[PDB]
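Quick heads-up: the structure tokens below are two forms of one chain, split into structure 1 and structure 2.
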Structure 1
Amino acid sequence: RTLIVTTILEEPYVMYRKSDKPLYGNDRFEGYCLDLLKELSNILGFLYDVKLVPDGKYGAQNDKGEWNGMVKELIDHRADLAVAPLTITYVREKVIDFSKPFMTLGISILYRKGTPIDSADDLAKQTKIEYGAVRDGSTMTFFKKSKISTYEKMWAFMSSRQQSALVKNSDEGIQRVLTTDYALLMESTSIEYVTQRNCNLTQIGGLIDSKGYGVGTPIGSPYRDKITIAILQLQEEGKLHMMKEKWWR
């Protein structure tokens, strides 16, 4: 009766709820994805038990093609739904089902307000403002693997000089953006979380490498179609915009 929902700690999607005493059950967690799960549970009518993915991974394959993370939990039917910022990808779609994306995003540019900079075309042709991405992240992985000429060029730059233009994590990247003449390339959702808290920062340009976060289910699940419908229903009603503004403002 009670569906098992696998998820992953990820701000502001899933966070431990702050409390003065140890909490139990789903009340331990809060965030955008917990609110989304509550709406889904009230549209389709189901009880749910949230369980963090034991290895804290989204889901990738090792050298032998063995899966891990939330994808493996669905593949092995240890979870009925994955309600998380789980990216819809070619390799994953072949082993699990995805709903239509509840959130769409891409690579954009975090930078200061009031600067001539205005696009990815402009950053690629100057060498004064140091620009890069989080080392070993999805954004960096995109630029490194890209066959698109212009993105190969931006990768050559940010990976030059011992890769000094890169940063270890988003936080260190953020602090580098505020403290020095540095422009960060990362997810538009993450940037939007930054611009709301650092009013001296903005988003420059549009999106590269579009993608979406969807709810994952085991292949053959009856909930895939149901959840897709509910997500689009919520989107049409503006409720997803409400949820996002709540946890990002």
Structure 2
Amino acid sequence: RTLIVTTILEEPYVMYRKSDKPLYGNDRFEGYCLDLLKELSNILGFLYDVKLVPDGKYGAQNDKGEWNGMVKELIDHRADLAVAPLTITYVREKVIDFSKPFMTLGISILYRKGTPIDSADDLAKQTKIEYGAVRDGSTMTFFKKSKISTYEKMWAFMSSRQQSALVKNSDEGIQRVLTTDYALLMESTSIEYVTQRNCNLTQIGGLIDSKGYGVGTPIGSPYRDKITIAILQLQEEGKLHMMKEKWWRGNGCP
């Protein structure tokens, strides 16, 4: 009756609490996803045990078709729920059962302020400004699988040179934008979090696609629909809005 909740460390969704003493259990973590899990447990009346995904990954396929990360943790029934910024994608939805999105978003561009670049097209036209994304993320997979002309050109550019334009994680990409002439294709929510923490950065263009974060469950989970209903209840009460406002308030950049 105690659910196992797989998750992953990512600001401001799930983070280690800064503590002067050792912490244990769910008390180790804080962030948007912990508040969310608290509200969901309050609505549905279940106990949860938060476990970090061992390989520290969200979930992707290799050439052989095998999965990793939280997705694999759900497929193998080693976790009941996955409460994380887990992007709802076509390939993932076929192997796990997502709840309806608790947060909508889209891919956009993270770049430094004061440049003539205003769209993804302006990036696809030139090569002086390097651009890319995190390796093996849904953002990257969009460009890898996209058949749109512009995004095909951008994908070609990212792949050339042994994938030198891709970064391993979000932090590395942000530092590459702040140090060099680089633009990071990133999900809009993370961009909102960053541009309010470091005022040298801004979002370029709008959203190139629309998607959402959903709570992951294994196929056939009786909790998928109940969690969908709980998320809708929390959205109509305005509680999700309060949680995002709580965790996205930072330095306040002009």
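Whichever C-alpha set is largest while still superposing within 1.5 Å between the two forms counts as the rigid core. Numbers follow structure 1, counted from its first residue as 1.
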- Rigid-core superposed between structure 1 and structure 2, candidates 52, 43, 60, 207; the one over the 2 Å C-alpha cutoff or at it is 207
- Message: Can you work out the angle, in degrees, by which the smaller rigid part turns relative to the larger one between structure 1 and structure 2?
- Response: 22
- Note on the structure: Superposed on the core, the Cα displacement of residue 159 between structure 1 and structure 2 in Å comes to 9.3
- Item | Once the two forms are fitted on their core, CA shift of residue 22 between structure 1 and structure 2 in Å | 1.0
- Can you give the CA shift of residue 188 between structure 1 and structure 2, in Å, with the two forms fit on their core? 2.1
